[PDB]
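Structure first, then comments.
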Amino acid sequence: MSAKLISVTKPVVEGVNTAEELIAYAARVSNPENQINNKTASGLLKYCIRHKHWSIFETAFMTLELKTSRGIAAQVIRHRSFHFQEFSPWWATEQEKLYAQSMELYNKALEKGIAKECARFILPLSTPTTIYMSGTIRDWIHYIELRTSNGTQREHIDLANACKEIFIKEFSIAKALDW
Amino acid sequence: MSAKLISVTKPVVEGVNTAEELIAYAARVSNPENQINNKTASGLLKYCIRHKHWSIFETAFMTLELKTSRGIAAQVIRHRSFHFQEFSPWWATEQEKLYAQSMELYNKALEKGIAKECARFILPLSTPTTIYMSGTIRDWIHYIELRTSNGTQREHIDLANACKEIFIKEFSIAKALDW
Amino acid sequence: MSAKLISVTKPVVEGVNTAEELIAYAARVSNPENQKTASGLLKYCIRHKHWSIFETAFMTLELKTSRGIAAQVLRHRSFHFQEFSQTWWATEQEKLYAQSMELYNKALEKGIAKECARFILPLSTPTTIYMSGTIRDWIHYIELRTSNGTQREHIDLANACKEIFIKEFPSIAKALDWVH
Amino acid sequence: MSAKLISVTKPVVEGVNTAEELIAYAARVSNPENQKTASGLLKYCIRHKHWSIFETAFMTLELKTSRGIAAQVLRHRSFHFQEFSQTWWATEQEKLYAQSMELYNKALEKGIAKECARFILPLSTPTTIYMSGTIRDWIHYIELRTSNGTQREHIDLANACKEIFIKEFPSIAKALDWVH
Ligand SMILES: Cc1cc2nc3c(=O)[nH]c(=O)nc-3n(C[C@H](O)[C@H](O)[C@H](O)COP(=O)(O)OP(=O)(O)OC[C@H]3O[C@@H](n4cnc5c(N)ncnc54)[C@H](O)[C@@H]3O)c2cc1C
Ligand SMILES: Cc1cc2nc3c(=O)[nH]c(=O)nc-3n(C[C@H](O)[C@H](O)[C@H](O)COP(=O)(O)OP(=O)(O)OC[C@H]3O[C@@H](n4cnc5c(N)ncnc54)[C@H](O)[C@@H]3O)c2cc1C
Ligand SMILES: Cc1cc2nc3c(=O)[nH]c(=O)nc-3n(C[C@H](O)[C@H](O)[C@H](O)COP(=O)(O)OP(=O)(O)OC[C@H]3O[C@@H](n4cnc5c(N)ncnc54)[C@H](O)[C@@H]3O)c2cc1C
Ligand SMILES: Cc1cc2nc3c(=O)[nH]c(=O)nc-3n(C[C@H](O)[C@H](O)[C@H](O)COP(=O)(O)OP(=O)(O)OC[C@H]3O[C@@H](n4cnc5c(N)ncnc54)[C@H](O)[C@@H]3O)c2cc1C
């Protein structure tokens, strides 16, 4: 039900060490005259966000590994600004009988010579999956804010919050956003 | 296992009647001097394609309704240049026993008060689905060429070919592409 | 300065004759319980971020502006474009421009290629471009570029697009309180 | 004319220390049977259109070019950009430019806003921009813009990017027969 950091933008310019520092640096050198540049990074970035100066948040890219189900991943897949890879600052009773029954038929179909990509189709949407999700920091911002809101279903909320915790760790922007 | 036309680009400029005619017209007025403009539309467009002048094929947008399974739709969903909407020129024996068993549990779970979005999760990937797929003619071109190739699985090939037939009907480009 | 409609989405299915009717149709077969007004349904869809019903429609506009403003418009990367080939301050803008066009003409006359001569043209030089995007993309482009912060010439162009948007999508406009 | 690397993807997981190692890692946990050379695996991935392994890496380059070429580069809409503020034919290009810069300076000195004065600047005027995209997007940008058909100044800029790409992704370059 979780997420881990796989990869993130690392700058190689002098005096810019992290992804967040590049975003703040792009903000500042866009408008060198701006008195706004004299703010803390989180102060500056609050305004960049408020002004819709989104391109500074597209200098950075992060990728996360998500562990979720096939039902939720299909929903996550709909955030088309992201890039995905897939691999091969009573109710809980009847499901378990059916799930065990499906995996039995799955494991035996493979053993009987049926390949993989045909056997896959009998698996339920509750089947766990692992995907990479990659996108700019701009896109992570609006995915997280949306999918941690009331209007999205519980298991997606949990998934997005796992992402939120990693985001907060890597990124002044989490304070700018009042997260 | 099929597709239908739902909607397509209709120009409102004078002497340009169809989506294909706008693409050919954009090609021609991009470079009014070009002796290439004296070709038939399919002759002109063959070259636009060959030269990678892709933006003329992004003046037109088409949308199709696809009937397929949840397994295939999840794969189709990965063509992220497209926009999707979802709604609520022995092996064939064991599957049918399990599928009937899942739908029984699905129908009864709803009848027992479980809602919908929880019951959904027990459904197999073989479950039929209806989606809209919308994108520019450029994107339709490269989706169709890819997903009608050897390297993609049979049921996706059939789906892409249903799309191909509609494309051929609406669009000189089908001849330019040697379809 | 101006905008003209070139092309728009038209549904081919029975009972749905306009791009917006298709948008509304999509929002309807998504309402088990909310059957309020037509524009009220769309407003509700917009408010809950169900964007994809608005990505079923697509519209192209021809914009007439300067190269300088066009470069800014090009930054709205969800859109697809097509380009084609061809006070005292107000007084001295006219002399340089005329003097720039004079040399431009001379160079073309004296054999020099179109793409080399183009480089002497100022950012104020007129250009016409197609801008194509889903209805979703138009909403946030117009929204953004009509609000203070963007420069005057750009505000004017975005207000020209908004006028066309409202004619084609009168029910979304109502949902957004957009008026002529 | 030139390009400089600003930033690139670095994996944080054990055993994978570069963007390309992560790309290669992704292509490996996708090979049940093909275990040929490292660059040979990627070539195979590229040939079967498995693009998404190449969308795990992302790189930013700072480009120095003219406004005219930058407007063309802006058309590669899969990329994200950032802009910042600040023969006889060769003889008369120098006079107009100097004369355009003279008035530009005068206008700024006499109170006129930066955004109004900018419009008298020719398309040849220097600019620096960030260009950020997945490794996939770089491949087809470089591929396209290094080939005959695109104009000289643009070919030169795309060859400057290719040089940096090859330094960072030596194994993809090998897979594509790209050399310095
Ligand atoms: C309540 C709800 C109900 C839904 N119902 C359905 C349904 O019935 N059927 C169906 O098919 N789909 C449905 N969806 C899916 C929805 O239509 C979208 O396709 C998906 O949820 C969000 O993807 P997106 O297109 O915004 O993609 P994203 O990849 O997240 O965003 C696309 C681009 O928009 C930008 N963006 C997003 N928000 C902002 C912002 N605030 N400011 C600036 N840029 C922004 C992003 O940064 C990104 O660059 C529903 C979604 C919601 C939340
Ligand atoms: C054999 C194969 C194996 C795969 N294996 C995996 C896997 O193991 N795991 C996984 O997660 N995914 C896998 N995929 C998915 C793949 O990585 C892509 O994400 C998806 O198949 C194609 O989507 P796309 O990104 O090209 O999207 P699209 O929406 O189809 O295209 C994106 C953009 O690229 C453009 N484009 C595409 N081709 C051209 C062209 N020739 N010329 C100009 N423009 C073009 C389109 O027009 C569009 O604008 C596999 C795909 C293939 C075919
Ligand atoms: C000969 C030439 C003449 C042109 N003339 C005009 C003109 O007169 N007017 C005008 O407006 N425009 C013109 N164009 C511009 C052109 O139409 C494109 O808009 C511009 O080159 C941007 O390319 P792109 O959209 O593919 O952008 P990109 O951002 O480079 O690509 C978009 C997406 O497509 C994918 N993709 C591209 N190629 C492949 C591929 N081979 N396989 C898999 N994926 C791929 C990329 O990875 C990326 O994700 C011309 C282009 C050419 C080269
Ligand atoms: C105040 C201001 C100053 C700027 N200064 C600079 C500068 O100095 N240098 C520089 O390089 N750039 C600057 N920019 C440009 C800016 O950073 C963007 O690159 C440009 O405006 C394009 O916007 P966009 O990427 O959202 O494009 P769009 O194509 O308009 O949007 C991309 C996608 O995001 C979606 N989206 C946008 N808003 C929403 C939303 N509210 N809800 C749901 N979806 C949404 C759209 O529907 C679309 O699908 C500035 C912008 C502003 C307004």
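Lettering of chains follows the sequences in order, A, B, ..., and the numbering in each one begins at 1. Every number for a ligand or one of its atoms is a count from 1 in the order of the listing.
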Q. Where on A/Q153 is there a heavy atom closer than 4.0 Å to ligand 1, on the side chain, on the backbone, on both, or on neither?
A. neither

Q. Which part of B/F87 is near ligand 1, with near meaning a heavy atom under 4.0 Å away: side chain, backbone, both or neither?
A. neither

Do any nitrogen or oxygen atoms of [X] lie less than 3.5 angstrom from nitrogen or oxygen atoms of ligand 3?
| X | value |
| --- | --- |
| B/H51 | no |
| B/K52 | no |
| D/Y141 | no |
| D/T150 | no |
| D/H140 | yes |

Charged N to carboxylate O below 4.0 Å: is that the case for [X] and [Y]?
| X | Y | value |
| --- | --- | --- |
| D/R75 | C/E83 | yes |
| B/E86 | A/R78 | yes |
| A/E33 | D/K114 | no |

**Q.** Pi-cation contact, B/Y47 with B/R50 (under 6.0 Å, within 45°)
**A.** yes

Q. Above 12 or not: heavy atoms from other molecules or residues under 6.0 Å from CD of B/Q35?
A. no

Q.
Tell me whether the count of non-hydrogen atoms from other residues, nucleotides or ligands lying under 6.0 Å of OH in A/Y25 goes above 12.
A. no

Nearest-neighbour protein heavy atom for [atom], which is reported as residue plus atom name and distance:
| atom | value |
| --- | --- |
| atom 21 (O) of ligand 1 | A/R147 NH2, 2.8 Å |
| atom 31 (O) of ligand 4 | C/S78 OG, 3.8 Å |
| atom 9 (N) of ligand 4 | D/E83 O, 2.8 Å |
| atom 49 (O) of ligand 3 | D/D137 OD1, 2.7 Å |
| atom 12 (N) of ligand 4 | A/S55 OG, 3.3 Å |
| atom 30 (O) of ligand 4 | C/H76 ND1, 2.7 Å |

Are [X] and [Y] close enough that a side-chain donor and a side-chain acceptor fall under 3.5 Å?
| X | Y | answer |
| --- | --- | --- |
| C/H154 | D/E115 | no |
| C/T60 | C/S7 | no |
| C/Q35 | C/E33 | no |

Q.
Would you say the rings of C/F54 and C/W138 are close, in the sense that their centroids are separated by under 6.0 Å?
A. no

Q. Is A/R147 reaching over with its side chain to a backbone N or O of A/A160, donor-acceptor style, under 3.5 angstrom?
A. no

Q.
Tell me whether B/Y132 reaches ligand 1 (any heavy atom closer than 4.0 angstrom to a ligand atom).
A. no

Q: Answer with side chain, backbone, both or neither: which part of B/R138 has a heavy atom less than 4.0 angstrom from an atom of ligand 3?
A: side chain

Q: Ignoring hydrogens, just give me the one of A/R78, B/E86, A/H156 whose non-hydrogen atom is nearest atom 15 (C) of ligand 1.
A: A/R78

Q | Proximity winner for atom 50 (C) of ligand 1, if only heavy atoms of A/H79, C/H50, C/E55 are counted | A | C/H50

(Q) Under 3.5 Å between any N/O of C/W51 and any N/O of ligand 1: does that happen in this structure? (A) yes

(Q) So if I count the atoms of ligand 3 from 1 in the order they appear, which ones are less than 4.0 Å from some heavy atom of D/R75? (A) 10 (C), 11 (O), 12 (N), 19 (O), 22 (C)

Q: Measure the spacing between CD of B/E65 and CZ of B/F87 and express it to the nearest 0.5 Å.
A: 7.5 Å

Q.
If the cut-off is 4.0 Å to any non-hydrogen atom of C/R77, which atoms of ligand 4 fall inside it?
A. 27 (O), 29 (O)

Q) Counting each atom of ligand 1 from 1 as listed, which ones have a heavy atom of B/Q85 under 4.0 Å away? A) 7 (C), 9 (N), 10 (C), 11 (O)

Q) So which bit of D/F84 gets within less than 4.0 Å of ligand 4, heavy atoms only: side chain, backbone, both or neither? A) neither

Q | D/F58 and D/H80 aromatic ring geometry - parallel, tilted or perpendicular at 30°/60° bounds | A | tilted

